[PDB]
Structures are given as C-alpha cells and as structure tokens.
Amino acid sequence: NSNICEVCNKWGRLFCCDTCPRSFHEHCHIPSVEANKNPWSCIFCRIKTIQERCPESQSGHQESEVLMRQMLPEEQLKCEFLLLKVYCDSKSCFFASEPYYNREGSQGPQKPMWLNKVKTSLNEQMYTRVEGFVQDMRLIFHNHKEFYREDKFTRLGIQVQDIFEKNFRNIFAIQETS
C-alpha cells in the first residue's frame, strides 16, 4: 500500500485499502473509515464495483436526469466520491471551512456554503436528490466568484469548480458534448 494519504498526500495514521494500494487518514476518506470490516474496500474500489456490476451505467446521461435521481445508496456513494475528489485538490483548503466576508466594496453571500458543511450534510442524509448536493457544491464556487469580484483570487473558485465539474461528468457518466 501507499504510505501517504490518497486525499491530502501526508503520512500519519493511515488505513489501508484491502483491494487496491491506496491509503487514507480516517476523516480524509468519505465516509470516514469504518471501525472494523476486514477486508475493507475504499470508496475508489466501491465505485469501480458499481461500474463493473452494471457496465451500461457508463453510457452517456443527461445532467437533468442525473440531478432528479433520489439519493439511494449508489447515488449517495457517488456524491461522497465526488466530494472526495474535490478534497483531493490542495486548493480545496480555501473552501473547506466556514468562510467570513469583510472586504471593502463587497457584500457577503446570502447563503454561505463550504465543503465541510456539505460533508456533514451527506453524512446526516440531508439530501434527498443528487440535485441538492450538486446545488450546494456549485454554490460554494459561485459565492466565491461573486464576492471576490475583480481580485485575481476569484480564479481559485474557477479552478476548484473545474475540478468538481470534470469529476461530476466522469462519475455520473454525463453525455460528452462540444
């Protein structure tokens, strides 16, 4: 197995996947690494099993259809992995914890949002459809763009949203287009 956490790229107290060589800190993995369970399969493995059990699941889908799906176990898992893929980028540090807003010439967002809040929401099964999760994720970046205006720091929002959006397309197998 790897000797660094797959998500944050740090050594420390790592839990090892039994079916691939990745490793995780406890709370880096999403969901948090399970108490017992030997063997244990990480979320990368579980997602691959879903694709393998239903190859047709990788055929193209319409985003509109994906968003209206109910958060049954498989959609729940897919959202958890998508969240994890965002945390895998070091720039996610900017969007992880609860922000605050005091900048000359700007007003804070009406509805603040941050990755840890989303993480808690998923963990507490607060989303009934994929839409709920996707809206909150896109809100993080939209709020950031709006607040930082013409400061070049707006680019961080664009960059992390691109990571989100590419992984969303890949995980939910959105139909490729030009």
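In case it trips you up, residue 1 is the first one in the sequence shown, and so on.
J.: Is the mean CA B factor in the deposited entry higher across 57 to 65 or across 135 to 143?
T.: It is 57 to 65 that shows the higher mean C-alpha B-factor.
J.: Got a sec? Mean C-alpha B-factor, which is higher, 109 to 117 or 44 to 52?
T.: 44 to 52 has the higher mean C-alpha B-factor.
J.: Within this chain's modelled residues, let me know which third the CA B factor of residue 89 belongs to: lowest, middle or highest.
T.: For residue 89, the deposited C-alpha B-factor lands in the middle third.
J.: Using the B-factors in the PDB entry, rank residue 9's C-alpha atom against the chain and give the third, lowest, middle or highest.
T.: Within its chain, residue 9 is a highest-third residue by C-alpha B-factor, going by the deposited values.
J.: Could you look up the Cα B-factor of residue 159 in the entry and say which third of the chain it sits in: lowest, middle or highest?
T.: As the PDB entry reports it, the C-alpha B-factor of residue 159 lands in the lowest third of its chain.
J.: State the tercile, meaning the lowest, middle or highest third, of residue 28 with respect to the CA B-factors recorded for its chain.
T.: It falls in the middle third of the chain.
J.: With respect to C-alpha B-factor, does residue 35 fall in the lowest, middle or highest third of the chain as deposited?
T.: Ranked within chain, residue 35 CA B lands in the highest tercile.
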